[PDB]
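In structure tokens, the next block holds one chain alone, the form deposited in one PDB entry.
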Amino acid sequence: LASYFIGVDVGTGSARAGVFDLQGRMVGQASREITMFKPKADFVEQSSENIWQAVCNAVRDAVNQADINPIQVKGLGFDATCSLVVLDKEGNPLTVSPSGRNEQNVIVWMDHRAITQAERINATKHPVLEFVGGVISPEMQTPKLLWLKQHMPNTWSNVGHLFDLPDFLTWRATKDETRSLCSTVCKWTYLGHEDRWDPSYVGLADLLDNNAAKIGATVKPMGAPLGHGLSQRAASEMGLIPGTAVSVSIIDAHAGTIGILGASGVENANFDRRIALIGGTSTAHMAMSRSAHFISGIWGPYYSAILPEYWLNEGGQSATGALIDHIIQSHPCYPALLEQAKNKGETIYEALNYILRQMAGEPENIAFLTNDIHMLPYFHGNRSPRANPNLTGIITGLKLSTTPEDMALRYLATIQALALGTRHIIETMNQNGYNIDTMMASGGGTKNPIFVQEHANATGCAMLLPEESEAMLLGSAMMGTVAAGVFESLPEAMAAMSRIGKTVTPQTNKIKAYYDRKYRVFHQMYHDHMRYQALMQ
């Protein structure tokens, strides 16, 4: 009878579940919001218990909407943000917060409390650092563990488990404490090529104690089955069958890569020329090679972090969809425009795109609208390729005017700034072993025609959109098929369960030259920022 597979994806704001058939088509889906806590600037927290319930509720819902018998679900995969879950000796939520509330036991990925620690770690120039592009980010795990040790010794003395969020999800579902290569290698300095933690690697030697206690010391590749399927409790909690295969966990951006990067063309995907652009709240820029490439300001090279025998170079932008939405929803004209959008059966993006079109006189003139309006998009710092979490945003060409036209121009400027940041990342990869001329893109941005076309225009790269845009849900379900033994490797699941839905190419030379000039201003703004800093010193 028909088999189905479930992908679960816990993002920044919400946990999603998706039910997929063997073709990779989505037959059921659901979402559940998750609580966020912001004690003070730079602090961002969540709750593991709250996350797990959102997951279980979302899954029961997606199954019920697919209208299938739970006996039909053969596998699950779990993916999550690279956030830090903290549990005590008995395994319950243990506080990580200035609030002191144990409910707040998750340090979200975007949290920047540990900038100072990252600086300290970086000062050591220890060997494991070359695999994070030479500069460790406060957003990664070990700087946050160094932060916990120093500020909250109370919590530190009572810790039993330290889980990357996806490994937490997987543990709660199977009891297996086995950790993934993805999360450990990318965010914990585990050596994928030497298959071991580096003892020499900072003031966290105690984590190495009891061999395999707090941080885990059994590590496997994605697609390998965990424990013996869903525990009876977890199964009960999600409305599924005990023993259902569960894959080793994976980080969200990385799930999205499995979900789209392997799509055949129309002819094997060619990684030398194809980058994964995994969008959402933030964006990951994923490229893989058989050879190691060390690249300043880009994480990796990470051996076997996604695909066996591939080195992953991972860049990113910390605020992409989050920046666009901030710029949109921050504007005084937002509520009124949204109201007319609904009246016309439109999204706010469609309403803004309409304004752009009208202002431009012709669609091909839209990009020029921001000739005198520029943005440096480093609102939450820059991850790649500058690797500096202290950078901030700049907008120019501001006027007293508060109209839907102003709002639309600033929205466009935001889109182009993000596209130019993407160009910077791509150019950096092409300077370090790649020949990227194509982006496989996922995320909600890909439903916005102007987002997509200007990314193609600014970068000079074709934009390929998947048939199924929910790339992270799909990727995690694909892992499920591999743990259930329905496909023998990720590569073949990727091939059978994902395909191209749309190809959008760069437009004219005039438009390209415009972006070349915008790109000069983009780079100049960074140097101007550094000069202001110098002058103030």
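Each form is matched to the other, and the largest set of C-alpha atoms that superpose within 1.5 Å is called the rigid core. Residue indices: 1-based, along the sequence shown.
- The modelled chain breaks after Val266 and resumes at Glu267, leaving 1 to 3 residues of the deposited sequence without coordinates.
- Coordinates are given for every residue of the deposited sequence from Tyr349 through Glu350, so that no gap is recorded there.
- Stretches 407-415 and 181-189 differ in mean C-alpha B factor, with the higher average recorded for 181-189.
- Legend: mean Cα B-factor per stretch from the PDB entry, 395-403 versus 112-120; the higher mean is in 112-120.
- In this structure the maximum Cα B-factor among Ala276, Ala80, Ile241, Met288 is found at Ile241.
- The maximum CA B-factor among the listed residues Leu474, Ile68, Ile500, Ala483, taken from the PDB record, is found at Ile68.
- Per the deposited record, the Cα B-factor of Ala253 falls in the middle third when ranked against the other modelled residues of its chain.
- Ranked against the other modelled residues of its chain, the C-alpha B-factor of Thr508 as given in the entry falls in the middle third.
- For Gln340, the recorded CA B-factor ranks within the middle third of the chain. Only modelled residues enter the ranking.
- When the CA B factors of the chain's modelled residues are split into thirds, the value for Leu535 lands in the lowest one.
- In the PDB entry, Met479 places in the lowest third of its chain by CA B-factor.
Quick note: we don't show the form deposited in another entry, though the next part is all about it.
- With the rigid core aligned between the shown form and the other one, the listed residues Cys82, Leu162, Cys461, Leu148 include just one Cα displaced by at least 2 Å, namely that of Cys461.
- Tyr303: CA moves less than 2 Å between the shown form and the other one after rigid-core fitting.
- With the core superposed, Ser330 shows a C-alpha displacement of at least 2 Å between the shown form and the other one.
- Superposition of the core reveals a Cα shift of 2 Å or more for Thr283 between the shown form and the other one.
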